[PDB]
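Report on one structure; see the data block that follows.
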Amino acid sequence: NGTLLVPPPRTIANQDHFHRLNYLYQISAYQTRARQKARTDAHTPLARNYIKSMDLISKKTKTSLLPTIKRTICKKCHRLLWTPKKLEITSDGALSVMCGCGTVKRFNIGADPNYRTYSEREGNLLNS
Amino acid sequence: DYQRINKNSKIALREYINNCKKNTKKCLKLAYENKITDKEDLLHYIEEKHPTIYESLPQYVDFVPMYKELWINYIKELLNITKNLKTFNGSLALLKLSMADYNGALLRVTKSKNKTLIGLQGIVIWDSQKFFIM
Amino acid sequence: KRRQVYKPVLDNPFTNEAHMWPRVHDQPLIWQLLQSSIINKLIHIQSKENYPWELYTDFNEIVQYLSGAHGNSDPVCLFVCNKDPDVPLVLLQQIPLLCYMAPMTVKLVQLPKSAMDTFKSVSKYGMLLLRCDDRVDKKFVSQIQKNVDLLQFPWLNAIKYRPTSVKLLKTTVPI
RNA sequence: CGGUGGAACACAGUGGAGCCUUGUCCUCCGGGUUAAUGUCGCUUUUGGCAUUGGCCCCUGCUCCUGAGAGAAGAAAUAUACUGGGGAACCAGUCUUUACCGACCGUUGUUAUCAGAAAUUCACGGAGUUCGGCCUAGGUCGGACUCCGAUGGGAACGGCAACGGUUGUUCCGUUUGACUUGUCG
Ligand SMILES: [Zn+2]
């Protein structure tokens with residue numbers, strides 16, 4: 001089919017950008033969890049901001065993320081869904097996950113099982 | 001009510017940083033009404049007598065370990081700062097700092113055109129274009 | 001001509017540790033009692049499945065039960081099968097997450113056997129949530145849950161910086 | 001950087017030639033009222049549908065031009081939408097006594113992977129309505145609505161080029177004063 005070339009020289013600028021993205025995601029998640037465990041929604045427009053800036057960096061470097069991150073974050077307001085509104089299933093569709101802002105992220109789960117994403121398949125992925 | 005605030009994250013952030021300043025001014029007024037200079041007694045005074053006013057107050061004692069340890073460990077990982085310091089490379093480190101974000105940094109105003117801005121340390125909650133928020 | 005290029009993609013650095021399913025051992029002593037009880041429920045009458053033992057086997061009822069509607073029953077136990085094909089992954093990446101924010105003492109048990117496709121093909125979906133309030137079953141459920149089947153969280157309990165994880169995916173390019 | 005002193009208030013500043021779809025006193029779409037006709041249900045009569053005819057619907061201001069600045073209470077809290085600014089606000093798309101609204105059409109682009117799909121191709125599932133076989137309501141076809149894990153994406157959304165405006169295009173000046181030369 002073609003040529004099989006596997007390079008492990010990772011580039012320094014891509015490592016800098018992904019460390020920046022991962023640091024923003026970690027600080028937003030830790031703000032959200034440290035606020036959520038203790039008391040009510042104090043600075044929930046704050047951490048979301050980081051995620052939004054994170055996604056804007058994903059516009060600049062043109063990089064892609066795993067569907068775990070994009071499944072965690074929202075699409076319109078770009079907030080973390082670690083505490084969502086409601087989860088409904090088999091309500092004449094497949095699945096529905098409601099949020100506080102009203103934007104839902106649903107999944108076709110009632111069609112068939114054993115469907116995996118392209119990054120979750122057996123051999124398509126090499127860690128580190 | 002809650003849906004109309006978080007329609008735009010920027011405007012909700014502006015409303016939050018305005019509400020923190022208004023709550024700080026109300027805290028100064030209730031602190032002069034308290035006539036107690038101790039802040040640890042002041043926080044318990046607000047918890048006893050003003051429940052709704054206490055809800056939007058920041059917690060700096062919580063803010064220091066949740067930010068400083070992550071920031072220092074991220075810089076120790078990113079700039080390759082290890083126990084071996086004699087293999088350092090300064091130009092690529094300054095290029096990485098030009099590529100790294102300052103969201104969550106402890107930073108100090110050491111020199112300024114205004115004589116009152118100097119001496120201020122603070123941790124970033126958001127980076128603006130031409131101002132700075134600590 | 002096709003050429004394969006490896007593209008660097010940022011991973012969720014803690015999803016492996018957030019999906020560290022709990023340590024379960026000496027598990028064939030448990031499926032005997034569990035399967036015998038579930039079959040003895042499922043034999044007689046579909047109303048008599050749920051009159052002596054109150055169990056919910058629909059995920060919408062699991063969310064509505066853990067939302068905060070019923071707060072009396074504090075010890076509530078859950079059984080979820082992993083390492084099993086024909087099981088949806090979207091629910092499975094959100095079942096141990098939604099039980100963490102529940103204020104009730106919810107005890108998740110991960111069943112490790114791959115051959116256990118019976119409970120999914122028979123009852124509803126392959127998961128079981130029930131209450132140990134005054135039932136006889138708790139008289140052994142409290143016995144073994146302290147032994148091997150402990151469920152605790154190390155990942156959010158202490159303060160710790162997490163190292164970054166950048167993986168790389170395959171991409172074909174035709175020219 | 002742009003325009004004026006050439007156009008005399010659009011008298012497209014004027015003239016001539018060529019071509020055609022031969023310059024249609026036309027048509028904005030759209031919304032409201034009134035009159036007439038035909039069908040369908042209540043039965044002095046009214047209601048709904050379709051056609052035809054008539055009326056009504058907004059120069060924000062100055063200026064020849066270029067341009068300049070004012071305000072978005074006829075649905076909002078941020079004063080139409082979108083993005084940023086530290087806030088007065090800025091940029092782009094727009095409208096302005098709108099007591100109804102109006103983001104014009106065509107072409108191409110969004111590389112590679114992914115996904116069913118990169119432009120209302122198509123495909124899969126659910127619901128409704130109609131027709132045929134048929135009558136414990138089973139199947140088939142057509143139409144509509146909703147959803148489908150991915151990717152900045154599925155949004156008639158973003159970018160670039162072209163005007164149907166009162167037919168298009170070309171050619172010429174309306175710009176001079178002295179000195180000299182010719183002609184009457
Ligand atoms: Zn959301």
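Here's how to read the names in the structure tokens: chain A, B, ... by the order shown, residue numbers from 1 in each chain, ligand numbers from 1 in the order shown.
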
Return as a PyMOL selection string the residues belonging to chain A that are within 6 Å of chain B, counting only C-alpha atoms. chain A and resi 20+45+101

Taking only C-alpha atoms (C1' of nucleotides) and all ligand atoms and a cut-off of 8 Å, can you tell me which residues surround ligand 1, written as a PDB file with C-alpha atoms, in the first residue's frame?
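Listed below is the output, pocket34.pdb:
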ATOM      1  CA  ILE A  73     -16.037  20.237  27.156  1.00  0.00           C
ATOM      2  CA  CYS A  74     -19.065  21.856  25.528  1.00  0.00           C
ATOM      3  CA  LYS A  75     -19.457  23.084  21.943  1.00  0.00           C
ATOM      4  CA  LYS A  76     -21.078  26.536  22.173  1.00  0.00           C
ATOM      5  CA  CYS A  77     -20.173  28.016  25.568  1.00  0.00           C
ATOM      6  CA  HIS A  78     -17.288  25.494  25.931  1.00  0.00           C
ATOM      7  CA  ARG A  79     -17.745  24.539  29.607  1.00  0.00           C
ATOM      8  CA  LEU A  80     -16.801  21.388  31.492  1.00  0.00           C
ATOM      9  CA  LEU A  81     -19.577  18.806  31.781  1.00  0.00           C
ATOM     10  CA  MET A  98     -28.697  18.267  29.128  1.00  0.00           C
ATOM     11  CA  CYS A  99     -26.598  21.180  30.378  1.00  0.00           C
ATOM     12  CA  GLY A 100     -27.214  24.383  32.297  1.00  0.00           C
ATOM     13  CA  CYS A 101     -26.977  26.649  29.251  1.00  0.00           C
ATOM     14  CA  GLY A 102     -29.351  24.476  27.195  1.00  0.00           C
ATOM     15  CA  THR A 103     -26.844  23.030  24.719  1.00  0.00           C
ATOM     16  CA  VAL A 104     -27.072  19.231  24.649  1.00  0.00           C
TER      17      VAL A 104
END

Quick check: residues of chain D within 9 Å of chain B, only C-alpha atoms (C1' of nucleotides), returned as a ChimeraX atom specification.
/D:77-78,85-86

Generate a file of the selected residues that holds N, CA, C and O atoms (P, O5', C5', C4', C3', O3' and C1' of nucleotides), formatted as a PDB file, in the first residue's frame.
ATOM      1  P     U D  77     -32.787  46.489  27.852  1.00  0.00           P
ATOM      2  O5'   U D  77     -32.419  45.539  29.076  1.00  0.00           O
ATOM      3  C5'   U D  77     -32.089  46.101  30.345  1.00  0.00           C
ATOM      4  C4'   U D  77     -30.902  45.431  31.007  1.00  0.00           C
ATOM      5  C3'   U D  77     -29.839  44.842  30.078  1.00  0.00           C
ATOM      6  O3'   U D  77     -28.551  45.019  30.669  1.00  0.00           O
ATOM      7  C1'   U D  77     -30.693  43.144  31.493  1.00  0.00           C
ATOM      8  P     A D  78     -27.684  46.335  30.350  1.00  0.00           P
ATOM      9  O5'   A D  78     -26.241  45.767  29.982  1.00  0.00           O
ATOM     10  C5'   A D  78     -25.227  46.622  29.464  1.00  0.00           C
ATOM     11  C4'   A D  78     -24.619  46.082  28.190  1.00  0.00           C
ATOM     12  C3'   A D  78     -25.491  46.201  26.942  1.00  0.00           C
ATOM     13  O3'   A D  78     -24.660  46.437  25.806  1.00  0.00           O
ATOM     14  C1'   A D  78     -25.006  43.920  27.354  1.00  0.00           C
ATOM     15  P     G D  85     -10.190  41.085  24.984  1.00  0.00           P
ATOM     16  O5'   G D  85     -10.432  42.654  24.835  1.00  0.00           O
ATOM     17  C5'   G D  85      -9.429  43.500  24.288  1.00  0.00           C
ATOM     18  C4'   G D  85      -9.716  44.959  24.541  1.00  0.00           C
ATOM     19  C3'   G D  85     -10.166  45.314  25.947  1.00  0.00           C
ATOM     20  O3'   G D  85      -9.095  45.389  26.872  1.00  0.00           O
ATOM     21  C1'   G D  85     -11.578  46.381  24.390  1.00  0.00           C
ATOM     22  P     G D  86      -9.069  44.396  28.135  1.00  0.00           P
ATOM     23  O5'   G D  86     -10.466  44.669  28.853  1.00  0.00           O
ATOM     24  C5'   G D  86     -10.599  44.589  30.263  1.00  0.00           C
ATOM     25  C4'   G D  86     -11.148  45.874  30.829  1.00  0.00           C
ATOM     26  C3'   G D  86     -11.829  46.794  29.831  1.00  0.00           C
ATOM     27  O3'   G D  86     -13.112  46.381  29.334  1.00  0.00           O
ATOM     28  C1'   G D  86     -10.317  48.059  31.100  1.00  0.00           C
TER      29        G D  86
END

Return the neighbours of chain C among the residues of chain A, cut-off 9 Å, counting only C-alpha atoms, as a PyMOL selection string.
-> chain A and resi 1-7+10+14-15+18-19+21-23+25-26+33+37+63-66+68-69+82-83+86-91+107+109+112-116+118-119+124-128

Residues of chain A were defined as contacting chain D if any atom lay at most 8 Å from it, counting only C-alpha atoms (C1' of nucleotides); please report them as a compact mmCIF listing (two decimals) with N, CA and C atoms, in the first residue's frame.
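New file result.txt:
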# COMPACT_ATOMS: atom_id res chain seq x y z
N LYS A 59 -7.43 26.64 17.47
CA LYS A 59 -7.61 27.26 16.16
C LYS A 59 -6.27 27.72 15.59
N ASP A 92 -37.58 7.58 23.46
CA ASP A 92 -37.91 7.42 22.04
C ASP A 92 -36.74 7.76 21.12
N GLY A 93 -35.54 8.01 21.64
CA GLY A 93 -34.37 8.23 20.82
C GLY A 93 -33.23 7.31 21.21
N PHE A 107 -25.71 11.24 21.86
CA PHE A 107 -24.93 10.18 21.22
C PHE A 107 -25.87 9.10 20.71
N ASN A 108 -25.60 8.60 19.50
CA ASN A 108 -26.38 7.51 18.92
C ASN A 108 -25.94 6.21 19.57
N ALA A 111 -28.42 2.37 18.52
CA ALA A 111 -28.32 1.70 17.22
C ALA A 111 -27.69 0.32 17.36
N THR A 117 -14.39 4.83 18.81
CA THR A 117 -13.85 5.96 18.06
C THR A 117 -12.52 5.56 17.41
N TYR A 118 -12.02 6.41 16.51
CA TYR A 118 -10.83 6.07 15.74
C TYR A 118 -9.57 6.07 16.61

(request) Would you mind writing down, as a ChimeraX atom specification, each residue of chain A that DSSP on the backbone assigns to strand (DSSP E)? (result) /A:2-3,86-89,95-98,125-126
